[PDB]
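Heads up: the structure comes next, in structure tokens.
Protein chains in written order, with the authors' numbering: chain K, 2 to 95, 95A to 95C, 96 to 109; chain H, 2 to 52, 52A, 53 to 82, 82A to 82C, 83 to 100, 100A to 100D, 101 to 112; chain A, 579 to 600, 621 to 640, 654 to 693, 703 to 718.
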């Protein structure tokens, strides 16, 4: 299912809360996940049911959304939260699809 | 829990390459495996999946007929036999672990990355 | 929806076919019942031998030797014959006549 990361590049100061989006072309449900590709590192799973939190993930990574609109809200941006965030649908249709988004990006804003 | 890959390699176009992904710290037979591809400046893109046994194997639409995912659940190795490599397969190949539950088709723990570059 | 009903019907048909492969008069009457229910219903979904129904089936099955046995039986039925529902019902006909 087409997933659109509207925020894309995001100039935000560290220590602040950052909201994102992942618009689906079709009605998926709760079958959407979120990822974090930190620079110089492998991706990691943050949320796996568009509301939950994966094991080993701090409670500041929270999300919401159950239809075609999805949103990941990360709070108190540390040095490693400035990464590229992907959203993956895993909708239980036949044939099964593993579709990512383009990748929204959170960056440090300056003057 | 750890997924250690084989490291990058240089291959000519139209050639073949066998990636590896040695898993440790858990039971390899109890976890579904995945291959995720990232081209330079394109983003993440799933290419392969294999089940707990070889009962199910799924491929992306761009990789069907060319690539083959296989696993050895007694040697804890996951392969991706690569065949007829084009110029758009210069990418970084990630080895991902799927969560328990066949409905929850997410990529839980990832490998170290493997830059496959064709020339 | 219609697609969700079709996935439920093919999912339950595969689950009950797996359970029936693991009484022949009641099974032949069952396979005659499901085949008449196929004509009121009747291809990305039913492509060769039900590849894409794997996660639907094993949400409720959770034993992959059953799925691998079903896929091997359907693959050898396709090899013996040389869309996917008709191969299954001719395979279920060979089980029922035994």
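Idealized CB from N, CA, C, for every residue including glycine.
For the pair residue 58(K) and residue 87(K), the Cα-to-Cα distance works out to about 16 angstroms.
Approximately 6 angstroms separates the beta-carbon atoms of residue 32(K) and residue 90(K); this is inside 8 angstroms, confirming the contact.
DSSP lists 34(H) and 57(H) as the beta-bridge partner residues of residue 51(H). Rounded to the nearest whole angstrom, the C-alpha separation of residue 50(H) and residue 674(A) is 18 angstroms. Out of 38(K), 78(K), 44(K) and 96(K), the CA that lies nearest to the CA of residue 12(K) is found in 78(K). Residue 33(H) and residue 109(K) have their alpha carbons spaced roughly 47 angstroms apart.
In the DSSP annotation of this structure, the continuous segment of the alpha helix (DSSP H) that includes residue 686(A) starts and ends at 675-692.
Distances from the CA of residue 50(K) to each of 104(H), 111(H), 96(H) and 103(H) were compared; the closest alpha carbon is that of 96(H). If you check the CB distance, residue 54(H) and residue 66(H) do not come in under 8 angstroms.
When Cβ-Cβ separations below 8 angstroms define contact, residue 100B(H) makes contact with chain K. Comparing alpha-carbon positions, the option among 46(H), 83(H), 36(H) and 13(H) lying closest to residue 4(H) turns out to be 36(H). According to the DSSP assignment, residue 88(H) belongs to no alpha helix (DSSP H) but to the beta strand (DSSP E) extending over 88-95. Proximity of residue 580(A) to chain K, defined by a Cβ-Cβ separation below 8 angstroms, is not satisfied. Using a Cβ-Cβ cut-off of 9 angstroms, residue 585(A) is close to 93, 94 and 95 of chain K, given in chain order. Linking residue 103(H) to residue 19(H) through their CA atoms gives a straight-line distance of about 18 angstroms. Taking C-beta atoms as the reference points, residue 99(K) and residue 4(K) count as a pair closer than 8 angstroms. Per DSSP, residue 78(K) is not a residue of any alpha helix (DSSP H), being assigned neither H nor E.
For residue 10(H), the uninterrupted beta strand (DSSP E) segment begins and ends at 10-12.
Cβ atoms of residue 43(K) and residue 106(H) come within 8 angstroms of each other, at about 6 angstroms. Chain A places no beta carbon closer than 8 angstroms to that of residue 49(H), leaving this residue out of the contacts.
Boundaries cannot be given for residue 70(K), as no beta strand (DSSP E) includes it and DSSP labels it neither H nor E. Rounded to whole angstroms, the separation of the alpha carbons of residue 687(A) and residue 46(H) is 34 angstroms.
Residue range 580-599 is occupied by the alpha helix (DSSP H) that includes residue 586(A), with no beta strand (DSSP E) assigned at that position. The Cβ of residue 86(K) sits no closer than 8 angstroms to any Cβ of chain H. Per the coordinates, the alpha-carbon of residue 24(H) lies some 11 angstroms from the alpha-carbon of residue 71(H). Classified as exposed, residue 60(K) has fewer than 16 neighbouring CB atoms from the shown chains inside 10 Å of its CB.
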